[PDB]
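Inspection log for the structure reproduced underneath, given as structure tokens.
Heads up, the Cβs are rebuilt from the backbone with ideal geometry, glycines too, and the neighbour counts pull from every protein chain shown. Read the figures in this text as sums done on the coordinates, not as results from a lab.
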Ligand code: HEM
Ligand SMILES: *[C@H]1CC(=O)N(CCCCCCN2C(=O)C[C@H](*)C2=O)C1=O
Ligand code: FES
Ligand SMILES: [Ca+2]
């Protein structure tokens, strides 16, 4: 299903890559993308797939492009196919009030208890689908906590978020249902506030006046959904890896102080986001002629897999000296959820390894990866001897 | 290697900071909430604004051009010793460097 080569694209830059179905997906999705970095592949290629678009393959180009918002615009960040900087800055100021480092640090104990409560209900069974049994309910419950939503609302929220990722409902319909759930709560918590995420957003100010209920619900919706797919799937890549590496598990058990650093090396190695930008005008970029309106994929996942940035990039080394990645992005739009995501990962590894130190992939299981804007794991069946576990 | 963060209200945080880490990154890792670091350290946000103590203002490598453009957007008072601390990388020679942190980043 391929698009015709545009006049300005030279044949020697054409590369056969479908980001939704790459050829070597069965070796793992990071491995499938790294074929873009084999020895004679250009730093910037063009694929005929998915409408036709550029792909920058090296961390150097990817960083440069994300820093240059003047030529590379985020008006169309997805393949295949917003608001001004002053509103953008105020948007990020408010999101940082909601999910910034001060909020996360004081939230950590309740995150830790949730992680514990979740794992303890799993531990004595000796098996789980990690993706369905832990990875999915953990971040959605963390959001309820942050937003001060009651525990009995989860199955409804779980349902709505899934439909934005899955059933019997348009994406637009699912978004509106999520909005329609938030608006009554926003209106109740407005002016008569608490310290939860929704109260803070509802009482925020934009351009000197109160945030509208419309602006508030979109911000709320965005903070809920933006933290789901990426966290769900990153935890699964991570736990898949640990299930296959008993030596790496032991290192963290004996030296739990290395878990934050280990978390950063897993973020580099199992990076999973790939979006891009659109050219605002004609531009000569690293010897390559880009035309106005060209889409360019700038895969956040590829910077840290680049051997020019990290020696032996497929190797996981928890003592790796200079960990270089762009897993949360780069430039002005770097993930506003990065501090919450990091704490979620660090708390998960610690509370899981404390209670279930030994586990493997279920015998005969084929772990299937999926590729896209957010790559992921279909299912992760784990098994362990429940007598070898520890309630805490 | 050591770094001192003086808050606007006089509060003092003395911090042990590894070589190679930016002054932004050590701050955000250690509860220094008056440094925000929103863009994550690429000179794209100006929310890591600090004032470098005059004794060290010449020990630190000069701001590059991207940092200078970004500094024009600090929300607190822009001073001759204003720097983005994501662009200041800790080195043994900077041991004891003092930076004063503005009253706002946003
Ligand atoms: C492992 C976890 C995560 C990863 C790897 C990740 C990755 C990313 C990346 C690469 C971007 C930038 C995309 C671009 O520049 O085009 C981004 C943006 C964003 N992320 Fe995250 N993310 C994660 C978790 C979260 C969480 C927990 C939240 C919770 C609120 C969140 C909310 C957002 C939002 C709202 C944006 C838009 C930022 C903007 O446009 O200014 N993400 N994420
Ligand atoms: C959306 C995404 C993006 O990168 N972007 C532009 C960057 C805005 C912030 C930098 C611009 N800037 C200055 O040039 C001075 C002060 C300042 O904030 C979007 O609008
Ligand atoms: S952290 Fe964004 S400019 Fe320093
Ligand atoms: Ca409605």
Open item on the list: Looking at the range A:140-150, can you tell me whether even one residue there is over 21 Å from residue A:352 (Cα atoms) and surrounded by fewer than 14 Cβ atoms within 10 Å (Cβ to Cβ)?
Closed with: yes
TODO: Give A:38, A:11, A:75, A:31 a once-over and let me know the one that is surrounded by fewer than 16 Cβ atoms within 10 Å (Cβ to Cβ) and under 27 Å from residue A:201 (Cα atoms).
DONE: A:75
TODO: Being more than 16 Å from ligand 1 (Cβ to nearest atom) and away from chain B (no Cβ under 14 Å) narrows it down to one of A:184, A:139, so name that one.
DONE: A:184
TODO: Among the residues of the range B:8-35, write down those that are within 14 Å of chain A (Cβ to nearest Cβ), within 13 Å of the chain's Cα centre (by Cα) and not in a strand (DSSP E or B).
DONE: B:21, B:24, B:25, B:26, B:27, B:28, B:32, B:33, B:34, B:35
- [ ] Filter the range A:58-71 down to the residues that are more than 16 Å from ligand 3 (Cβ to nearest atom) and closer than 17 Å to residue A:373 by Cβ, then identify the one that is surrounded by the fewest Cβ atoms within 10 Å (Cβ to Cβ).
- [x] A:65
TODO: For residue A:211, state whether it is away from ligand 1 (no atom under 15 Å from the Cβ) and under 17 Å from residue A:342 (Cβ atoms).
DONE: no
TODO: Within the range B:39-71, track down each residue that is within 16 Å of ligand 2 (Cβ to nearest atom), in a loop (DSSP other than H, G, I, E, B) and surrounded by fewer than 19 Cβ atoms within 10 Å (Cβ to Cβ).
DONE: B:63, B:64
Task: Residue count for the range B:80-91, restricted to those that are surrounded by 14 or more Cβ atoms within 10 Å (Cβ to Cβ) and assigned to a loop (DSSP other than H, G, I, E, B) - done: 4
Open item on the list: Please verify whether residue A:127 is under 18 Å from residue A:216 (Cα atoms), surrounded by 14 or more Cβ atoms within 10 Å (Cβ to Cβ) and more than 16 Å from ligand 4 (Cβ to nearest atom), treating the condition exactly as stated.
Closed with: no
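To keep it simple, each residue is scored yes or no on (1) assigned to a helix (DSSP H, G or I); (2) in contact with a strand residue (DSSP E or B) (Cβ under 8 Å, 6 or more places away or on another chain); (3) more than 14 Å from chain B (Cβ to nearest Cβ).
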residue: A:41; (1), (2), (3): no, no, yes
residue: A:46; (1), (2), (3): no, yes, yes
residue: A:65; (1), (2), (3): yes, yes, no
residue: A:86; (1), (2), (3): yes, no, no
residue: A:89; (1), (2), (3): yes, no, no
Open item on the list: I'm trying to understand the selection: among the residues of the range A:68-84, which are away from chain B (no Cβ under 12 Å) and either within 17 Å of residue A:196 (Cβ to Cβ) or within 8 Å of ligand 2 (Cβ to nearest atom) (or both)?
Closed with: A:73, A:74, A:82, A:83, A:84
Open item on the list: With in a loop (DSSP other than H, G, I, E, B) and either touching a helix residue (DSSP H, G or I) at 6+ places or on another chain (Cβ under 8 Å) or surrounded by fewer than 20 Cβ atoms within 10 Å (Cβ to Cβ) (or both) as the only criterion, which of A:158, A:175, A:192 stands out?
Closed with: A:192
- [ ] Report yes if some residue within the range A:104-115 is buried (at least 19 other Cβ atoms within 10 Å of the Cβ) and within 13 Å of another protein chain (Cβ to nearest Cβ); otherwise report no.
- [x] yes
Open item on the list: All but one of (1) away from chain B (no Cβ under 14 Å); (2) on the phi > 0 side of the Ramachandran plot; (3) crowded, with 21+ Cβ neighbours inside 10 Å hold for residue A:296; state the number of the condition that does not hold.
Closed with: (2)
TODO: Evaluate the following for residue B:29: is it within 16 Å of ligand 1 (Cβ to nearest atom), out of contact with any strand residue (DSSP E or B) (no Cβ under 6 Å at 6 or more places or on another chain) and at negative phi?
DONE: no
Open item on the list: Step by step: first the residues of the range A:318-334, then only those that are at negative phi and within 13 Å of ligand 3 (Cβ to nearest atom), then the one that is surrounded by the most Cβ atoms within 10 Å (Cβ to Cβ). Which residue is that?
Closed with: A:330
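Residue-by-condition table, conditions (1) under 26 Å from the mean Cα position of the chain (by Cα); (2) away from ligand 1 (no atom under 14 Å from the Cβ):
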{"position": "A:157", "(1), (2)": "yes, yes"}
{"position": "A:161", "(1), (2)": "yes, no"}
{"position": "A:169", "(1), (2)": "yes, yes"}
{"position": "A:206", "(1), (2)": "no, yes"}
{"position": "A:222", "(1), (2)": "yes, no"}
{"position": "A:226", "(1), (2)": "yes, no"}
{"position": "A:242", "(1), (2)": "yes, yes"}
{"position": "A:254", "(1), (2)": "no, yes"}
{"position": "A:259", "(1), (2)": "yes, yes"}
TODO: Being away from chain B (no Cβ under 14 Å) and within 10 Å of ligand 1 (Cβ to nearest atom) is the filter; apply it to the range A:299-337 and report the residue that is farthest from residue A:85 (Cα to Cα).
DONE: A:301
TODO: Look through A:211, A:200 and report the one residue that is closer than 24 Å to residue A:87 by Cβ, more than 13 Å from ligand 4 (Cβ to nearest atom) and away from chain B (no Cβ under 14 Å).
DONE: A:211
TODO: Looking at (1) within 14 Å of chain B (Cβ to nearest Cβ); (2) in a helix (DSSP H, G or I); (3) surrounded by fewer than 23 Cβ atoms within 10 Å (Cβ to Cβ), find the lone condition where residue A:340 falls short.
DONE: (3)
- [ ] Count, please, the residues in the range B:36-72 that happen to be within 11 Å of chain A (Cβ to nearest Cβ), in contact with a strand residue (DSSP E or B) (Cβ under 7 Å, 6 or more places away or on another chain) and closer than 19 Å to residue B:19 by Cα.
- [x] 1
